[PDB]
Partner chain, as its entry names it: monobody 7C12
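Quick setup: one chain, the form deposited without the partner chain, written in structure tokens, and binding and motion questions come after.
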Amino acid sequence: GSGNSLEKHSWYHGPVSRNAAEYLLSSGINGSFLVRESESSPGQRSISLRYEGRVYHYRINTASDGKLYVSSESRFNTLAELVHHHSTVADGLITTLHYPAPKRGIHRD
């Protein structure tokens, strides 16, 4: 769950603060996005996008019910459904989810 999470999608690794995102992630690809988790809230989810060096921050954004709507005309419930739509029509997230490169073996002895 919150802390370990499961290897859901290819963009679902775990919680990663934007700071460390824009900071750590030097950004340098054809375009890869990654979802984030609680950062300054006791249980929050955001969306991070990595450009050819740039790093955008587009929180998940919730509706007045529960659904997760980034814009307002494209409300969802599950992150996936978010990317799904934001896959061909990023009506929410600026950049359009391209390919969330895997981060299994980044560094660890």
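Residue numbers count along the first chain shown, from 1.
There is another form of this protein, the form deposited with the partner chain bound, and it is not shown here; the text below is about that form.
- Remark: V83 counts among the residues lining the partner chain in the entry with it bound, judged by a heavy atom distance of 4.5 Å or less.
- The shortest heavy atom separation between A63 and the partner chain in the entry with it bound exceeds 4.5 Å.
- For the stretch 20-56, the set of residues having any non-hydrogen atom within 4.5 angstroms of the partner chain in the entry with it bound comprises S27, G28, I29, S32, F33, in sequence order.
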